[PDB]
Amino acid sequence: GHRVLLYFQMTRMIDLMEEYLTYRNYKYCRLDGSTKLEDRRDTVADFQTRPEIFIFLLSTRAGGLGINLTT
DNA sequence: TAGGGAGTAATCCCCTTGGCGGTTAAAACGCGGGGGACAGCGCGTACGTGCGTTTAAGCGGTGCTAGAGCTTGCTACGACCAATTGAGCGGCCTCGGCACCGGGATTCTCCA
Ligand code: ALF
């Protein structure tokens, strides 16, 4: 039941990672420096709202600061 | 020895292209007929050809002097730059010019 944050230094890898995560059955969401600011609010609030999501795919720099991911 | 350039990838703002939907106005399609394209014809006059005349353009020659083209000397003036500011650009505001509409009046066409 360990909801989990994955940090990447490369954007192409977090693409490949969700190809793997969609080959498996893992429910995931994504935040990186290309996501637009309202999309960032929504994904952060989505992951922090509903326990259904398993993996937060998460960029090191854009996702590394300021936000709360305490769930 | 160190500073700043080379490499690279993430981050995030700007902006041009493309699609969806409607809807609506302009392009496409039809067809009658008219009148303008155009061929065919007559004349006449106006332009090309030819011949004799003249006129003056072009070539060979002489003489002159203006002025283009070059050298010299110097100082005036525009390039140059450091210090100063105010003219002119970028952003923001608003109101009045002008357009667009509607309906009543005058003009222009075309057929009788
Ligand atoms: F210091 Al933080 F999010 F960790 F502002």
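Chain identifiers are assigned alphabetically (A, B, ...) following the order of the sequence lines, protein sequences preceding nucleic acid strands; residue numbering begins at 1 within each chain.
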Taking the same atom, P, in B:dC15 and in B:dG91, what whole-Å distance lies between them? 13 Å

Nearest whole Å is fine: how far is B:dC12 P from A:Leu65 CG? 10 Å

I need the CE-P distance between A:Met10 and B:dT11, as an integer number of Å. 12 Å

note: A:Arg12, atom CZ; B:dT11, atom P; distance rounded to Å ~ 11 Å

Considering all heavy atoms, the nearest A:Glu52-A:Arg3 contact: N-NH1, 4.5 Å

Separation of B:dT11 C1' from A:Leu31 CG (nearest whole Å): 12 Å

Can you give me the closest heavy-atom contact between A:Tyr26 and A:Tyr20, atom names plus distance? CE1-OH, 3.9 Å

Rounded distance in Å - NZ (A:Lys36) to P (B:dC12): 13 Å

With a 4.0 Å limit, can you tell me whether A:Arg61 has a side-chain N or O closer than that to the phosphate oxygens OP1/OP2 of B:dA9? no

Contact class for A:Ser59 vs. all strands (heavy atom < 4.0 Å): base, sugar-phosphate, or nothing? sugar-phosphate

Run through A:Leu6, A:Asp32, A:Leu69 and flag the one making a side chain to side chain contact (heavy atoms under 4.5 Å, CB included) with A:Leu58. A:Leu69

If you compare every side-chain N and O of A:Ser34 against the phosphate oxygens of B:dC12 (OP1, OP2), does one of them come in below 4.0 Å? no

Pick the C1' atom in B:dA83 and in B:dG5, then give their distance to the nearest Å. 35 Å

Which heavy atom in A:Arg30 sits nearest to a heavy atom in A:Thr43, and how many Å separate them? O-CG2, 3.9 Å

B:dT8 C1' sits how many Å from A:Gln9 CD, rounded? 13 Å

Rounded to whole angstrom, note down the P distance from B:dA25 over to B:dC100. 14 Å

Taking the P atom in each of B:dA2 and B:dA79, what is the distance between them to the nearest angstrom? 47 Å

Quick one: A:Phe8 CZ to B:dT11 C1', roughly how many Å, whole number? 18 Å

A:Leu57 and A:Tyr28: which non-hydrogen atoms are nearest, and at how many Å? CD1-CD1, 3.6 Å

Could you give the distance separating B:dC101 and B:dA26 at their P atoms, to the nearest angstrom? 12 Å

When the distance from CZ of A:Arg41 to P of B:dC12 is rounded to whole Å, what number comes out? 16 Å

Between B:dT75 and B:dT71, how far apart are the two P atoms, rounded to whole Å? 23 Å

